[PDB]
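**Q** So for the sequence shown, the deposited numbering puts the first residue at 1; every next one is plus one.
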Amino acid sequence: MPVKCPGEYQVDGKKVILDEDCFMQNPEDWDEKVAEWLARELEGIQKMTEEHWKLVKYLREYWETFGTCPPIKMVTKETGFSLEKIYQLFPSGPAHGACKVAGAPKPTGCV
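(1) Beta strand (DSSP E) containing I17: first to last residue?
(2) What residues match up with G7 in a beta bridge as DSSP calls it?
(3) Quick check on the DSSP output: the alpha helix (DSSP H) that includes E32 runs from which residue to which?
(4) Between which two residues does the alpha helix (DSSP H) containing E84 stretch?
(5) Output the distance between the C-alpha atoms of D12 and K33, rounded to the nearest integer angstrom.
(6) Quick check on the burial criterion: 16 or more other C-beta atoms within 10 angstroms. Buried or exposed for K47?
(7) What's the C-alpha gap between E43 and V111?
This is the structure:
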């Protein structure tokens, strides 16, 4: 693993905590520096393009209705994104990838 999780870190006067599997467990202090930070340590992106913040923004709005993270095939019904382009933008897995950069804690595992 790239980041020794779980582990804590500091970014621009801020506190980011990472639980098992490097999961965001502090959506209260999420910002542009935190999202771009984890994305830079994982994908290596040094400058969040306009597409990353675009999809990341649409998801941030749906997380204010129930608090979950759907896939990327249903968001297209009201957006216009191509699964191919998103694939080259993410490491083959825009599902958990996007939500992760957004700062959404797991829904309800336990099985």
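By construction, the Cβ of each residue, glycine as well, lies at the ideal position given by its N, Cα and C atoms.
**A** So, from the data block:
(1) In the sequence shown, residue 17 corresponds to position 17, counting from 1. Note, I17: beta strand (DSSP E), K15 to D19.
(2) Here residue 7 corresponds to residue number 7 of the sequence shown, with the count starting at 1. Per the DSSP secondary-structure output, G7 pairs in a beta bridge with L18.
(3) As a working note, residue 32 is residue 32 in the sequence shown. Residues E32 to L42.
(4) In the sequence shown, the residue the question calls residue 84 occupies position 84. First-last of the alpha helix (DSSP H) with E84: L83 to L89.
(5) Working through the sequence shown from its first residue, we reach residue 12 at position 12. Working through the sequence shown from its first residue, we reach residue 33 at position 33. If I take the Cα positions, the gap works out to 7 Å.
(6) Residue numbering aside, residue 47 sits at position 47 when the sequence shown is read from its first letter. Flag for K47 reads exposed.
(7) Here residue 43 refers to the residue found at position 43 when the sequence shown is read from its first residue. Here residue 111 refers to the residue found at position 111 when the sequence shown is read from its first residue. Cα atoms of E43 and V111: separation of roughly 30 Å, rounded to the nearest angstrom.
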